[PDB]
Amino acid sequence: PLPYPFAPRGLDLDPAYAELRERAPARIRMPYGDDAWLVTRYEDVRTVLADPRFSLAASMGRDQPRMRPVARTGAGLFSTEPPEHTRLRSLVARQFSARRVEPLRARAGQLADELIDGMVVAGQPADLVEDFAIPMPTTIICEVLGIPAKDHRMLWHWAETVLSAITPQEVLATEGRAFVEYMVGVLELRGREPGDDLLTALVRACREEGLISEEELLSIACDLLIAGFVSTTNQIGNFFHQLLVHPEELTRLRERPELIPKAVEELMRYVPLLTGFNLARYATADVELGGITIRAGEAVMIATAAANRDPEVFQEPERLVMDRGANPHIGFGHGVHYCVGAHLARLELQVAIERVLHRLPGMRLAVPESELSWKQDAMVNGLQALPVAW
């Protein structure tokens, strides 16, 4: 069994994935838990994500392949399949739908401008990670959920604990307990003090309409907050890094910003974001895949970043092509667990790029590229700091 995940080298795709796609699904050994099959070929990853025989509900209570000593538990979206998953996801679908996040575009741009203001007042160099990439999406998801602004820093502390693959399990357990107690309290707060936020609407669904249990309500609230805190914070930094090291792309995006959506989709395809955050499904029946047979009860993991460079699906897959047309990337997943945050994340990435490139037409690295440091032993690829001048 191949040790997994591979040690990250920046945002580079590990060269071993090229050979992996051309063979049968490989046996992998994670740091803890069951061994598993690893699927990398685009068609094979799509099959795992669409075939109901590969189940996240079946993973609960198993010795899951994972990065941490203790296995995940829960009642929410990452733990269920239809029809239970559907009842939960329908309650969040309105707020995360493209139609309902689009009105946030102006607020997101105002926030970006405010953050860029503070970078200007503070003087060069700025750090795009601490000064922009972290605050912008964390603020937004807090506003959508109805999380009070004063708790930003406390919640980012928790996010840093979750983001480290190396967090000692006692600390992870005590901060975990306190985070859940905090969210229990917020759910009480939104029932006494309703608002036009998602957690208020989810509290109604639980405690007035009996549509979800208290366990399901708390699971969804915690899942949505954590995912919102750890995903786009790192991805914004990664996209600015790739744009800065491909400067020949910046003048088109600055002058003709209607080109930014397609570039965001290409960068979504290209960038390996999630590493330690990888869901393991368990097969509920025997399944033939890639010339091998995945037995009932065995575990399967996917590598979306590898599938996203499969030469049968993408022309010139190893090149960053910012106007790429045929781009059916799996950067947000597929099937019933397709990223519920995709429209919000997309909007944030688009706005970040539009605002920063307009406000800072001379933006460039403030250190040599060799002096950049990537986060180590993280669950998500990202930079520790991104020093820029302008």
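Throughout, we count residues from 1 along the sequence that is shown.
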| query | finding |
| --- | --- |
| Of 267-275 and 214-222, the stretch whose C-alpha atoms average the higher B-factor in the entry | 214-222 |
| Of 92-100 and 156-164, the stretch whose C-alpha atoms average the higher B-factor in the entry | 92-100 |
| Candidate residues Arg281, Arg192, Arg107, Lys150, the one whose C-alpha B factor the record puts highest | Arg192 |
| Residue, from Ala112, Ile141, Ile236, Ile294, that the PDB entry assigns the highest Cα B-factor | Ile294 |
| Cα B factor band for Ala71 (lowest, middle or highest third within the chain) | highest |
| Ranked against its chain, the third holding the CA B-factor of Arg364 | middle |
| Modelled-residue ranking by C-alpha temperature factor, third containing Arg207 | highest |
| Where the record places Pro1 (Cα B-factor, split into thirds across the chain) | highest |
| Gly61, C-alpha B-factor rank within chain (lowest, middle or highest third) | highest |
